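Engineer: Dropping in query.cif, which is mmCIF, C-alpha atoms and all ligand atoms:
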```cif
data_run
#
loop_
_atom_site.group_PDB
_atom_site.id
_atom_site.type_symbol
_atom_site.label_atom_id
_atom_site.label_comp_id
_atom_site.auth_asym_id
_atom_site.auth_seq_id
_atom_site.Cartn_x
_atom_site.Cartn_y
_atom_site.Cartn_z
ATOM 1 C CA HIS X 4 0.000 0.000 0.000
ATOM 2 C CA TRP X 5 0.981 3.631 -0.212
ATOM 3 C CA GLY X 6 3.408 5.307 2.152
ATOM 4 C CA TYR X 7 6.370 7.679 2.196
ATOM 5 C CA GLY X 8 9.310 5.367 1.501
ATOM 6 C CA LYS X 9 11.380 5.125 -1.646
ATOM 7 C CA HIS X 10 9.237 2.287 -2.949
ATOM 8 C CA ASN X 11 5.721 3.467 -2.047
ATOM 9 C CA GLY X 12 6.061 7.224 -1.590
ATOM 10 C CA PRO X 13 4.759 10.299 -3.379
ATOM 11 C CA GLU X 14 6.496 9.495 -6.694
ATOM 12 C CA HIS X 15 4.615 6.179 -6.889
ATOM 13 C CA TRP X 16 1.133 7.281 -5.833
ATOM 14 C CA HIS X 17 -0.049 8.210 -9.334
ATOM 15 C CA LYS X 18 -0.038 4.548 -10.445
ATOM 16 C CA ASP X 19 -2.980 3.747 -8.160
ATOM 17 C CA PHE X 20 -4.328 7.291 -7.707
ATOM 18 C CA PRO X 21 -4.023 8.946 -11.131
ATOM 19 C CA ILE X 22 -5.489 12.210 -9.780
ATOM 20 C CA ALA X 23 -2.025 12.647 -8.236
ATOM 21 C CA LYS X 24 -1.217 14.420 -11.545
ATOM 22 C CA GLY X 25 -4.475 16.399 -11.488
ATOM 23 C CA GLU X 26 -5.284 20.045 -11.935
ATOM 24 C CA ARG X 27 -5.589 21.121 -8.293
ATOM 25 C CA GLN X 28 -3.249 18.996 -6.214
ATOM 26 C CA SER X 29 -1.848 19.923 -2.814
ATOM 27 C CA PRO X 30 0.373 20.980 -1.211
ATOM 28 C CA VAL X 31 1.794 23.906 -3.164
ATOM 29 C CA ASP X 32 4.497 26.474 -2.680
ATOM 30 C CA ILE X 33 3.009 29.760 -1.469
ATOM 31 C CA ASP X 34 4.762 32.571 -3.351
ATOM 32 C CA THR X 35 4.098 35.396 -0.905
ATOM 33 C CA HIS X 36 4.842 38.097 -3.473
ATOM 34 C CA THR X 37 2.406 36.786 -6.086
ATOM 35 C CA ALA X 38 -0.358 36.056 -3.564
ATOM 36 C CA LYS X 39 -2.935 38.838 -3.740
ATOM 37 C CA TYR X 40 -5.141 40.403 -1.072
ATOM 38 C CA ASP X 41 -8.755 39.395 -1.721
ATOM 39 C CA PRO X 42 -11.394 41.894 -0.525
ATOM 40 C CA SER X 43 -14.150 39.351 -1.146
ATOM 41 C CA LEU X 44 -12.940 37.219 1.777
ATOM 42 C CA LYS X 45 -15.230 37.468 4.799
ATOM 43 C CA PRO X 46 -13.882 37.372 8.358
ATOM 44 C CA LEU X 47 -12.652 33.896 9.299
ATOM 45 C CA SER X 48 -14.361 32.245 12.280
ATOM 46 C CA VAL X 49 -12.636 29.385 14.090
ATOM 47 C CA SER X 50 -15.267 28.321 16.658
ATOM 48 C CA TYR X 51 -13.800 25.490 18.737
ATOM 49 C CA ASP X 52 -15.123 26.341 22.221
ATOM 50 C CA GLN X 53 -17.437 23.282 22.328
ATOM 51 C CA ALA X 54 -15.063 20.811 20.664
ATOM 52 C CA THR X 55 -15.351 17.199 21.813
ATOM 53 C CA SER X 56 -12.174 15.212 21.211
ATOM 54 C CA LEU X 57 -12.526 11.446 21.440
ATOM 55 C CA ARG X 58 -9.482 9.387 20.546
ATOM 56 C CA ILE X 59 -5.978 9.446 19.102
ATOM 57 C CA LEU X 60 -5.025 6.843 16.480
ATOM 58 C CA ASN X 61 -1.737 5.845 14.820
ATOM 59 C CA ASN X 62 -2.965 5.001 11.310
ATOM 60 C CA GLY X 63 0.450 4.001 9.940
ATOM 61 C CA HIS X 64 0.929 7.347 8.153
ATOM 62 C CA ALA X 65 0.475 9.895 10.962
ATOM 63 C CA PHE X 66 -1.583 10.132 14.140
ATOM 64 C CA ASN X 67 -5.117 11.513 14.071
ATOM 65 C CA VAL X 68 -6.884 13.211 16.974
ATOM 66 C CA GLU X 69 -10.546 12.511 16.271
ATOM 67 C CA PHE X 70 -13.558 14.624 17.242
ATOM 68 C CA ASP X 71 -17.282 14.123 17.676
ATOM 69 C CA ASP X 72 -18.674 15.452 14.405
ATOM 70 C CA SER X 73 -22.228 14.189 14.982
ATOM 71 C CA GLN X 74 -23.421 17.767 15.584
ATOM 72 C CA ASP X 75 -22.206 21.331 15.107
ATOM 73 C CA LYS X 76 -19.623 21.831 17.845
ATOM 74 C CA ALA X 77 -16.138 22.794 16.663
ATOM 75 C CA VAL X 78 -16.665 24.507 13.293
ATOM 76 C CA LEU X 79 -14.895 26.689 10.750
ATOM 77 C CA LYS X 80 -16.807 29.373 8.844
ATOM 78 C CA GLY X 81 -16.183 32.599 6.973
ATOM 79 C CA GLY X 82 -13.118 33.527 5.003
ATOM 80 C CA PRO X 83 -13.432 31.849 1.594
ATOM 81 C CA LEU X 84 -16.015 29.379 2.889
ATOM 82 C CA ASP X 85 -19.657 29.124 1.877
ATOM 83 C CA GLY X 86 -21.409 27.465 4.810
ATOM 84 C CA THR X 87 -20.388 25.541 7.906
ATOM 85 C CA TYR X 88 -17.491 23.087 8.119
ATOM 86 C CA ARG X 89 -17.320 20.660 11.057
ATOM 87 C CA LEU X 90 -14.024 19.584 12.584
ATOM 88 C CA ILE X 91 -13.505 15.828 12.248
ATOM 89 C CA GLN X 92 -9.802 15.297 13.033
ATOM 90 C CA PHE X 93 -6.397 16.883 13.149
ATOM 91 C CA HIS X 94 -2.983 15.432 12.379
ATOM 92 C CA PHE X 95 0.534 16.565 11.534
ATOM 93 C CA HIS X 96 3.233 16.026 8.930
ATOM 94 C CA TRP X 97 6.858 16.278 10.029
ATOM 95 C CA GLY X 98 10.450 15.631 9.095
ATOM 96 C CA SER X 99 13.417 13.553 10.183
ATOM 97 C CA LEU X 100 15.261 16.856 10.895
ATOM 98 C CA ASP X 101 13.982 20.363 11.669
ATOM 99 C CA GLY X 102 14.820 21.668 8.163
ATOM 100 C CA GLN X 103 11.990 19.743 6.516
ATOM 101 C CA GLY X 104 8.570 18.372 7.351
ATOM 102 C CA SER X 105 5.968 20.831 6.143
ATOM 103 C CA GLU X 106 3.845 20.112 3.075
ATOM 104 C CA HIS X 107 3.138 23.672 2.048
ATOM 105 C CA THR X 108 6.199 25.877 1.682
ATOM 106 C CA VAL X 109 6.457 29.661 1.934
ATOM 107 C CA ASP X 110 8.668 31.163 -0.773
ATOM 108 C CA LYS X 111 10.115 27.630 -0.988
ATOM 109 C CA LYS X 112 11.009 27.559 2.736
ATOM 110 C CA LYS X 113 10.179 24.286 4.484
ATOM 111 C CA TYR X 114 9.032 24.339 8.105
ATOM 112 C CA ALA X 115 9.724 21.562 10.622
ATOM 113 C CA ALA X 116 6.110 20.357 10.583
ATOM 114 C CA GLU X 117 2.578 21.249 9.580
ATOM 115 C CA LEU X 118 -0.707 20.796 11.460
ATOM 116 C CA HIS X 119 -3.888 20.045 9.493
ATOM 117 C CA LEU X 120 -7.294 20.607 11.106
ATOM 118 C CA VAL X 121 -9.726 18.797 8.793
ATOM 119 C CA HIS X 122 -13.344 19.923 8.397
ATOM 120 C CA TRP X 123 -16.264 18.818 6.208
ATOM 121 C CA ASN X 124 -19.088 20.886 4.742
ATOM 122 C CA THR X 125 -22.217 20.033 6.690
ATOM 123 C CA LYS X 127 -24.536 20.623 3.713
ATOM 124 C CA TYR X 128 -23.327 17.217 2.444
ATOM 125 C CA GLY X 129 -24.310 15.356 5.613
ATOM 126 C CA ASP X 130 -21.292 13.038 5.990
ATOM 127 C CA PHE X 131 -17.584 13.048 5.242
ATOM 128 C CA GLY X 132 -17.865 10.389 2.531
ATOM 129 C CA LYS X 133 -20.451 12.478 0.691
ATOM 130 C CA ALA X 134 -18.367 15.613 1.239
ATOM 131 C CA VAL X 135 -15.376 14.015 -0.546
ATOM 132 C CA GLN X 136 -17.549 13.651 -3.638
ATOM 133 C CA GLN X 137 -17.928 17.447 -3.836
ATOM 134 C CA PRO X 138 -15.609 20.220 -5.073
ATOM 135 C CA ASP X 139 -16.259 22.202 -1.875
ATOM 136 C CA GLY X 140 -16.596 19.271 0.475
ATOM 137 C CA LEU X 141 -13.658 19.945 2.805
ATOM 138 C CA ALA X 142 -11.753 22.786 4.417
ATOM 139 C CA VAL X 143 -8.329 22.174 5.925
ATOM 140 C CA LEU X 144 -6.785 24.752 8.244
ATOM 141 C CA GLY X 145 -3.012 24.404 7.953
ATOM 142 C CA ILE X 146 -0.590 25.739 10.560
ATOM 143 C CA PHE X 147 3.190 25.672 10.283
ATOM 144 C CA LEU X 148 5.414 24.537 13.148
ATOM 145 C CA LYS X 149 8.882 25.935 13.767
ATOM 146 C CA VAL X 150 11.237 24.802 16.504
ATOM 147 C CA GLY X 151 11.844 27.204 19.372
ATOM 148 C CA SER X 152 9.865 27.579 22.581
ATOM 149 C CA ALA X 153 7.521 24.801 23.669
ATOM 150 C CA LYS X 154 3.829 24.944 22.747
ATOM 151 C CA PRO X 155 1.939 24.222 25.999
ATOM 152 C CA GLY X 156 -1.230 23.315 24.098
ATOM 153 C CA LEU X 157 0.658 20.513 22.317
ATOM 154 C CA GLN X 158 2.149 18.759 25.332
ATOM 155 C CA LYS X 159 -0.860 16.529 26.071
ATOM 156 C CA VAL X 160 -0.544 15.196 22.511
ATOM 157 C CA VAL X 161 3.197 14.609 22.914
ATOM 158 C CA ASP X 162 2.754 12.753 26.185
ATOM 159 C CA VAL X 163 0.241 10.193 24.838
ATOM 160 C CA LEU X 164 2.347 9.190 21.825
ATOM 161 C CA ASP X 165 4.216 6.473 23.752
ATOM 162 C CA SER X 166 0.867 4.651 24.038
ATOM 163 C CA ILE X 167 0.198 4.661 20.267
ATOM 164 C CA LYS X 168 3.700 3.898 19.010
ATOM 165 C CA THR X 169 2.690 1.496 16.243
ATOM 166 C CA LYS X 170 0.166 1.330 13.429
ATOM 167 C CA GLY X 171 -3.327 0.441 14.572
ATOM 168 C CA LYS X 172 -2.936 1.517 18.188
ATOM 169 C CA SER X 173 -5.342 4.055 19.647
ATOM 170 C CA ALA X 174 -5.948 5.681 23.019
ATOM 171 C CA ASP X 175 -8.689 7.697 24.650
ATOM 172 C CA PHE X 176 -8.100 11.388 24.056
ATOM 173 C CA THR X 177 -11.105 13.152 25.559
ATOM 174 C CA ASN X 178 -11.183 16.720 26.861
ATOM 175 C CA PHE X 179 -8.481 18.107 24.569
ATOM 176 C CA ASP X 180 -8.850 21.754 23.532
ATOM 177 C CA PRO X 181 -7.570 22.325 19.959
ATOM 178 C CA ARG X 182 -7.613 26.093 20.549
ATOM 179 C CA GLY X 183 -4.251 25.625 22.250
ATOM 180 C CA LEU X 184 -2.658 24.731 18.898
ATOM 181 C CA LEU X 185 -3.408 28.039 17.159
ATOM 182 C CA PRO X 186 -1.073 31.036 16.753
ATOM 183 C CA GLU X 187 -2.202 34.526 17.791
ATOM 184 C CA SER X 188 -3.010 35.787 14.293
ATOM 185 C CA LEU X 189 -5.535 34.349 11.862
ATOM 186 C CA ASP X 190 -3.957 36.004 8.804
ATOM 187 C CA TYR X 191 -4.010 33.382 6.053
ATOM 188 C CA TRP X 192 -3.544 32.362 2.458
ATOM 189 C CA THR X 193 -6.211 30.337 0.657
ATOM 190 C CA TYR X 194 -6.488 28.333 -2.537
ATOM 191 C CA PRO X 195 -8.447 25.336 -3.905
ATOM 192 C CA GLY X 196 -6.646 21.997 -3.682
ATOM 193 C CA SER X 197 -6.713 18.390 -2.640
ATOM 194 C CA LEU X 198 -6.046 15.884 0.077
ATOM 195 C CA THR X 199 -2.267 15.529 0.399
ATOM 196 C CA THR X 200 -2.438 11.759 0.901
ATOM 197 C CA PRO X 201 -4.163 9.094 -1.176
ATOM 198 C CA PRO X 202 -6.893 9.178 -2.349
ATOM 199 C CA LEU X 203 -5.709 12.747 -3.221
ATOM 200 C CA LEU X 204 -9.279 13.910 -3.841
ATOM 201 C CA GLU X 205 -9.761 17.452 -5.150
ATOM 202 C CA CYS X 206 -12.298 18.566 -2.561
ATOM 203 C CA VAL X 207 -10.380 20.951 -0.306
ATOM 204 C CA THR X 208 -10.447 24.660 0.318
ATOM 205 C CA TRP X 209 -7.044 25.209 1.925
ATOM 206 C CA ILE X 210 -6.639 27.929 4.546
ATOM 207 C CA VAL X 211 -2.973 28.190 5.548
ATOM 208 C CA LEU X 212 -2.140 30.507 8.438
ATOM 209 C CA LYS X 213 0.772 32.885 7.926
ATOM 210 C CA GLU X 214 1.992 32.851 11.527
ATOM 211 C CA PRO X 215 3.705 29.603 12.573
ATOM 212 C CA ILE X 216 3.430 28.157 16.024
ATOM 213 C CA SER X 217 6.607 27.433 17.938
ATOM 214 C CA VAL X 218 7.145 23.970 19.413
ATOM 215 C CA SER X 219 10.190 22.760 21.277
ATOM 216 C CA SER X 220 12.819 20.434 19.887
ATOM 217 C CA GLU X 221 11.798 17.923 22.564
ATOM 218 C CA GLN X 222 8.180 17.998 21.368
ATOM 219 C CA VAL X 223 9.004 17.291 17.716
ATOM 220 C CA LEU X 224 11.607 14.688 18.710
ATOM 221 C CA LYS X 225 8.769 12.731 20.321
ATOM 222 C CA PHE X 226 6.773 12.814 17.066
ATOM 223 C CA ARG X 227 9.811 11.173 15.458
ATOM 224 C CA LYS X 228 9.717 8.233 17.916
ATOM 225 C CA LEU X 229 6.436 6.983 16.450
ATOM 226 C CA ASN X 230 6.490 4.023 14.059
ATOM 227 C CA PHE X 231 4.966 3.502 10.619
ATOM 228 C CA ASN X 232 4.977 -0.261 11.243
ATOM 229 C CA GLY X 233 2.692 -2.372 13.378
ATOM 230 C CA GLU X 234 3.568 -4.016 16.662
ATOM 231 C CA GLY X 235 6.089 -6.817 16.345
ATOM 232 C CA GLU X 236 7.272 -5.716 12.897
ATOM 233 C CA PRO X 237 10.679 -4.219 12.052
ATOM 234 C CA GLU X 238 10.873 -0.662 13.330
ATOM 235 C CA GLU X 239 10.410 2.076 10.729
ATOM 236 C CA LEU X 240 10.442 5.490 12.369
ATOM 237 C CA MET X 241 7.484 7.690 11.412
ATOM 238 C CA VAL X 242 9.397 10.607 9.900
ATOM 239 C CA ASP X 243 9.214 12.508 6.608
ATOM 240 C CA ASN X 244 5.490 11.838 6.204
ATOM 241 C CA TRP X 245 5.044 14.865 3.925
ATOM 242 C CA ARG X 246 4.209 15.219 0.242
ATOM 243 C CA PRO X 247 6.314 17.784 -1.651
ATOM 244 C CA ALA X 248 4.821 20.816 -3.361
ATOM 245 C CA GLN X 249 2.826 20.126 -6.516
ATOM 246 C CA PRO X 250 2.302 22.273 -9.628
ATOM 247 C CA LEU X 251 0.088 25.309 -9.086
ATOM 248 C CA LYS X 252 -1.444 25.018 -12.576
ATOM 249 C CA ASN X 253 -4.516 27.240 -13.123
ATOM 250 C CA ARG X 254 -4.758 28.618 -9.582
ATOM 251 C CA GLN X 255 -4.169 31.796 -7.630
ATOM 252 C CA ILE X 256 -3.391 32.039 -3.937
ATOM 253 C CA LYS X 257 -5.346 34.765 -2.170
ATOM 254 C CA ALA X 258 -4.345 36.531 1.039
ATOM 255 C CA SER X 259 -6.656 37.664 3.834
ATOM 256 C CA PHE X 260 -4.361 40.571 4.684
ATOM 257 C CA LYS X 261 -3.338 43.685 2.810
HETATM 258 N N1 LIG X 301 3.967 -3.303 -3.730
HETATM 259 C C1 LIG X 301 3.544 -2.249 -3.861
HETATM 260 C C2 LIG X 301 2.971 -0.935 -4.019
HETATM 261 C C3 LIG X 301 3.767 0.141 -4.401
HETATM 262 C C4 LIG X 301 3.217 1.407 -4.536
HETATM 263 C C5 LIG X 301 1.865 1.593 -4.289
HETATM 264 S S1 LIG X 301 1.144 3.202 -4.443
HETATM 265 N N2 LIG X 301 0.870 3.473 -5.993
HETATM 266 O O1 LIG X 301 -0.133 3.152 -3.804
HETATM 267 O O2 LIG X 301 2.124 4.155 -4.013
HETATM 268 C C6 LIG X 301 1.060 0.525 -3.924
HETATM 269 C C7 LIG X 301 1.616 -0.734 -3.787
HETATM 270 N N1 LIG X 302 -9.407 10.825 4.509
HETATM 271 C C1 LIG X 302 -8.672 11.694 4.554
HETATM 272 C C2 LIG X 302 -7.725 12.779 4.579
HETATM 273 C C3 LIG X 302 -8.016 13.943 5.282
HETATM 274 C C4 LIG X 302 -7.125 15.000 5.277
HETATM 275 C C5 LIG X 302 -5.933 14.892 4.574
HETATM 276 S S1 LIG X 302 -4.840 16.284 4.479
HETATM 277 N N2 LIG X 302 -3.365 15.772 4.743
HETATM 278 O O1 LIG X 302 -4.966 16.771 3.119
HETATM 279 O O2 LIG X 302 -5.251 17.174 5.532
HETATM 280 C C6 LIG X 302 -5.630 13.730 3.875
HETATM 281 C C7 LIG X 302 -6.528 12.678 3.879
HETATM 282 O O1 LIG X 303 -11.811 19.932 27.541
HETATM 283 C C1 LIG X 303 -11.439 20.575 26.324
HETATM 284 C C2 LIG X 303 -12.460 21.615 25.924
HETATM 285 O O2 LIG X 303 -13.689 20.902 25.698
HETATM 286 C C3 LIG X 303 -14.772 21.740 25.310
HETATM 287 O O3 LIG X 303 -15.892 21.000 24.971
HETATM 288 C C4 LIG X 303 -15.087 22.667 26.466
HETATM 289 O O4 LIG X 303 -16.251 23.436 26.187
HETATM 290 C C5 LIG X 303 -13.876 23.551 26.709
HETATM 291 O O5 LIG X 303 -14.123 24.429 27.799
HETATM 292 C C6 LIG X 303 -12.645 22.695 26.991
HETATM 293 O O6 LIG X 303 -11.482 23.517 27.022
HETATM 294 O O1 LIG X 304 -9.315 40.336 -14.631
HETATM 295 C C1 LIG X 304 -8.791 40.886 -13.428
HETATM 296 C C2 LIG X 304 -8.853 39.878 -12.311
HETATM 297 O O2 LIG X 304 -7.918 38.840 -12.636
HETATM 298 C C3 LIG X 304 -8.002 37.733 -11.747
HETATM 299 O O3 LIG X 304 -7.069 36.790 -12.152
HETATM 300 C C4 LIG X 304 -7.682 38.178 -10.323
HETATM 301 O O4 LIG X 304 -7.923 37.102 -9.425
HETATM 302 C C5 LIG X 304 -8.552 39.348 -9.896
HETATM 303 O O5 LIG X 304 -8.120 39.822 -8.624
HETATM 304 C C6 LIG X 304 -8.517 40.456 -10.937
HETATM 305 O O6 LIG X 304 -9.452 41.476 -10.603
HETATM 306 O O1 LIG X 305 -6.992 15.878 26.778
HETATM 307 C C1 LIG X 305 -6.337 14.740 26.226
HETATM 308 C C2 LIG X 305 -5.795 13.812 27.292
HETATM 309 O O2 LIG X 305 -4.761 14.526 27.990
HETATM 310 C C3 LIG X 305 -4.105 13.736 28.980
HETATM 311 O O3 LIG X 305 -3.592 12.569 28.405
HETATM 312 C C4 LIG X 305 -5.108 13.343 30.048
HETATM 313 O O4 LIG X 305 -4.462 12.558 31.041
HETATM 314 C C5 LIG X 305 -6.246 12.559 29.416
HETATM 315 O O5 LIG X 305 -7.246 12.288 30.388
HETATM 316 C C6 LIG X 305 -6.865 13.349 28.275
HETATM 317 O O6 LIG X 305 -7.787 12.517 27.589
HETATM 318 ZN ZN ZN X 306 -2.437 16.425 6.331
#
```
Would you put the structure from the file into structure tokens?
Ligand SMILES: N#Cc1ccc(S(N)(=O)=O)cc1
Ligand SMILES: N#Cc1ccc(S(N)(=O)=O)cc1
Ligand SMILES: OC[C@H]1O[C@@H](O)[C@H](O)[C@@H](O)[C@@H]1O
Ligand SMILES: OC[C@H]1O[C@@H](O)[C@H](O)[C@@H](O)[C@@H]1O
Ligand SMILES: OC[C@H]1O[C@H](O)[C@H](O)[C@@H](O)[C@@H]1O
Ligand SMILES: [Zn+2]

Structural biologist:
Amino acid sequence: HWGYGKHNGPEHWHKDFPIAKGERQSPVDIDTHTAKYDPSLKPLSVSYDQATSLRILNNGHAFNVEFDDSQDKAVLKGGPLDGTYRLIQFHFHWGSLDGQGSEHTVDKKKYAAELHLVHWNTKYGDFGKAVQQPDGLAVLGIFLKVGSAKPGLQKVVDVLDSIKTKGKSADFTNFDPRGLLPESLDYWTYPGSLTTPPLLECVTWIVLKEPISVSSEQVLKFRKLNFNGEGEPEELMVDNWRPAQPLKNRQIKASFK
């Protein structure tokens, strides 16, 4: 199956997922000089005060923190979005070393990691139906740089030893995703895709300009996870990022002048 290694990584995905060479693939490089302020963007609303986290899962590619999406609790609205988008999960992509790990790049610069908060458009009723629609998903992307520790991340870090291998999960109730945000909600936005197979072209990307800082110790613990299952030869879960894809017939819009 697909992965990130030399033999099943991003350069191979197109053989089973031909949309990998499609017209609005993600991630992309964000050229900050060509991005244009867009006055048509409405204020962005990240409304996570009633979020209900449930569980954390090592799925063999990353770890997902899953939320109750059975009703409107944690939602994302405004900005480029038409309607209400419910938070379903978040996960990260990261590197083997601090100089790489992000999926999006900013003027070609790679960050140490990238957080994706994944939301689906409630007009479509369920996630599976949303991923059959051009505007089915919205992903809020946040860059991580290494510096001071992020207190709102430490609970995540500290549970990772209990989900080291593929298929392991743990209870992860009462986690507040608001502690993962930076101060500013300035962002870039463009239409794109899932960055992992099945690579579906359903996503409105909203990428925050301000990174969060995490400590070296925090990201080092991400890198102790395993891609493999229990009992199998250890393959450290590192470099689980897709490189930037061609922009093609797209423009990146900025929320800020
Ligand atoms: N054996 C094998 C194998 C290699 C690559 C992939 S792909 N196209 O999903 O990256 C799948 C299976
Ligand atoms: N199913 C699914 C799925 C959800 C989000 C993403 S991402 N890396 O574009 O946020 C990838 C796959
Ligand atoms: O426990 C994590 C978070 O869960 C939410 O449902 C609560 O309303 C918040 O007050 C709390 O910070
Ligand atoms: O035709 C002019 C228009 O070109 C488009 O490509 C830009 O997105 C708009 O901002 C601009 O007003
Ligand atoms: O908030 C997420 C998790 O943080 C810590 O692991 C707590 O001990 C646990 O009870 C909680 O589920
Ligand atoms: Zn992702």

Engineer: Residue by residue, what does the PyMOL selection byres (((chain X and resi 105) around 7) and not hetatm) grab here? Present the result as a PyMOL selection string.

Structural biologist: chain X and resi 96-97+103-104+106-108+113-117+147+245

Engineer: Would you mind exporting C-alpha atoms of the selected residues as a PDB file, in the coordinates of the input?

Structural biologist:
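The resulting file, part_13.pdb, is reproduced below:
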```
ATOM      1  CA  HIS X  96       3.233  16.026   8.930  1.00  0.00           C
ATOM      2  CA  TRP X  97       6.858  16.278  10.029  1.00  0.00           C
ATOM      3  CA  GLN X 103      11.990  19.743   6.516  1.00  0.00           C
ATOM      4  CA  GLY X 104       8.570  18.372   7.351  1.00  0.00           C
ATOM      5  CA  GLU X 106       3.845  20.112   3.075  1.00  0.00           C
ATOM      6  CA  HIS X 107       3.138  23.672   2.048  1.00  0.00           C
ATOM      7  CA  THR X 108       6.199  25.877   1.682  1.00  0.00           C
ATOM      8  CA  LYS X 113      10.179  24.286   4.484  1.00  0.00           C
ATOM      9  CA  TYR X 114       9.032  24.339   8.105  1.00  0.00           C
ATOM     10  CA  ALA X 115       9.724  21.562  10.622  1.00  0.00           C
ATOM     11  CA  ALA X 116       6.110  20.357  10.583  1.00  0.00           C
ATOM     12  CA  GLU X 117       2.578  21.249   9.580  1.00  0.00           C
ATOM     13  CA  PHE X 147       3.190  25.672  10.283  1.00  0.00           C
ATOM     14  CA  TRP X 245       5.044  14.865   3.925  1.00  0.00           C
TER      15      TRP X 245
END
```

Engineer: Determine, for each residue of segment 69-152 of chain X having at least one atom at most 10 Å from an atom of segment 42-47 of chain X, the closest pair of atoms and their separation in Å to one decimal, counting all atoms listed in the file; order by chain and ascending number, as CSV.

Structural biologist:
```
residue,atom,partner,partner_atom,distance
X:79,CA,X:47,CA,7.7
X:80,CA,X:47,CA,6.2
X:81,CA,X:47,CA,4.4
X:82,CA,X:47,CA,4.3
X:83,CA,X:44,CA,5.4
X:84,CA,X:45,CA,8.3
X:85,CA,X:45,CA,9.9
```

Engineer: Hey, which residues sit close to ligand LIG 304 (chain X)? Say within 12 Å, counting all atoms listed in the file, and write them as an MDAnalysis selection string.

Structural biologist: chainID X and resid 37:44 194 253:258

Engineer: Taking only C-alpha atoms and all ligand atoms into account, which of X:212, X:142, X:218, X:148 comes nearest ligand LIG 302 (chain X)?

Structural biologist: X:142

Engineer: Given the choices X:120, X:207, X:153, X:109, which gets closest to ligand ZN 306 (chain X) if the distance is worked out from all atoms listed in the file?

Structural biologist: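 Checking each of X:120, X:207, X:153, X:109 against ligand ZN 306 (chain X), counting all atoms listed in the file, the winner is X:120.
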
Engineer: What is the distance, in Å and to one decimal place, between atom CA of residue 137 of chain X and atom CA of residue 214 of chain X?

Structural biologist: 29.5 Å

Engineer: My list of candidates is X:175, X:205, X:71, X:14. Which is closest to ligand LIG 305 (chain X) when distances are computed with all atoms listed in the file?

Structural biologist: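 Counting all atoms listed in the file, the residue closest to ligand LIG 305 (chain X) is X:175.
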
Engineer: Do you have, as JSON lines, the list of residues of chain X lying at most 12 Å from ligand LIG 301 (chain X), each with its nearest atom pair and that distance in Å to one decimal, counting only C-alpha atoms and all ligand atoms and ordered by chain then number?

Structural biologist:
```
{"residue": "X:4", "atom": "CA", "partner": "X:LIG301", "partner_atom": "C6", "distance": 4.1}
{"residue": "X:5", "atom": "CA", "partner": "X:LIG301", "partner_atom": "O1", "distance": 3.8}
{"residue": "X:6", "atom": "CA", "partner": "X:LIG301", "partner_atom": "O2", "distance": 6.4}
{"residue": "X:7", "atom": "CA", "partner": "X:LIG301", "partner_atom": "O2", "distance": 8.3}
{"residue": "X:8", "atom": "CA", "partner": "X:LIG301", "partner_atom": "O2", "distance": 9.1}
{"residue": "X:9", "atom": "CA", "partner": "X:LIG301", "partner_atom": "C4", "distance": 9.4}
{"residue": "X:10", "atom": "CA", "partner": "X:LIG301", "partner_atom": "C3", "distance": 6.1}
{"residue": "X:11", "atom": "CA", "partner": "X:LIG301", "partner_atom": "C4", "distance": 4.1}
{"residue": "X:12", "atom": "CA", "partner": "X:LIG301", "partner_atom": "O2", "distance": 5.5}
{"residue": "X:13", "atom": "CA", "partner": "X:LIG301", "partner_atom": "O2", "distance": 6.7}
{"residue": "X:14", "atom": "CA", "partner": "X:LIG301", "partner_atom": "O2", "distance": 7.4}
{"residue": "X:15", "atom": "CA", "partner": "X:LIG301", "partner_atom": "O2", "distance": 4.3}
{"residue": "X:16", "atom": "CA", "partner": "X:LIG301", "partner_atom": "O2", "distance": 3.8}
{"residue": "X:17", "atom": "CA", "partner": "X:LIG301", "partner_atom": "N2", "distance": 5.9}
{"residue": "X:18", "atom": "CA", "partner": "X:LIG301", "partner_atom": "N2", "distance": 4.7}
{"residue": "X:19", "atom": "CA", "partner": "X:LIG301", "partner_atom": "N2", "distance": 4.4}
{"residue": "X:20", "atom": "CA", "partner": "X:LIG301", "partner_atom": "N2", "distance": 6.7}
{"residue": "X:21", "atom": "CA", "partner": "X:LIG301", "partner_atom": "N2", "distance": 9.0}
{"residue": "X:22", "atom": "CA", "partner": "X:LIG301", "partner_atom": "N2", "distance": 11.5}
{"residue": "X:23", "atom": "CA", "partner": "X:LIG301", "partner_atom": "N2", "distance": 9.9}
{"residue": "X:200", "atom": "CA", "partner": "X:LIG301", "partner_atom": "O1", "distance": 10.1}
{"residue": "X:201", "atom": "CA", "partner": "X:LIG301", "partner_atom": "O1", "distance": 7.6}
{"residue": "X:202", "atom": "CA", "partner": "X:LIG301", "partner_atom": "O1", "distance": 9.2}
{"residue": "X:203", "atom": "CA", "partner": "X:LIG301", "partner_atom": "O1", "distance": 11.1}
```

Engineer: Show me which residues are within 7 Å of ligand ZN 306 (chain X) counting only C-alpha atoms and all ligand atoms, and format the list as JSON, numbers by chain.

Structural biologist: {"X": [94, 95, 96, 118, 119, 199]}

Engineer: Nearest to ligand LIG 302 (chain X): which of X:154, X:246, X:159, X:182 is it, counting all atoms listed in the file?

Structural biologist: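 Ranking X:154, X:246, X:159, X:182 by distance to ligand LIG 302 (chain X), first place goes to X:246.
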
Engineer: Between X:135, X:31, X:59, X:77, which is the closest to ligand LIG 303 (chain X) once you count all atoms listed in the file?

Structural biologist: X:77

Engineer: Which neighbours of residue 217 of chain X fall inside 6 Å, counting only C-alpha atoms, when residues of the same chain fewer than 6 positions from it are skipped, and could you give them as a PyMOL selection string?

Structural biologist: chain X and resi 148-152

Engineer: Could you dump the residues just selected with C-alpha atoms as an mmCIF file, in the frame of the given file?

Structural biologist:
```
data_model
loop_
_atom_site.group_PDB
_atom_site.id
_atom_site.type_symbol
_atom_site.label_atom_id
_atom_site.label_comp_id
_atom_site.auth_asym_id
_atom_site.auth_seq_id
_atom_site.Cartn_x
_atom_site.Cartn_y
_atom_site.Cartn_z
ATOM 1 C CA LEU X 148 5.414 24.537 13.148
ATOM 2 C CA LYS X 149 8.882 25.935 13.767
ATOM 3 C CA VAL X 150 11.237 24.802 16.504
ATOM 4 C CA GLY X 151 11.844 27.204 19.372
ATOM 5 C CA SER X 152 9.865 27.579 22.581
#
```
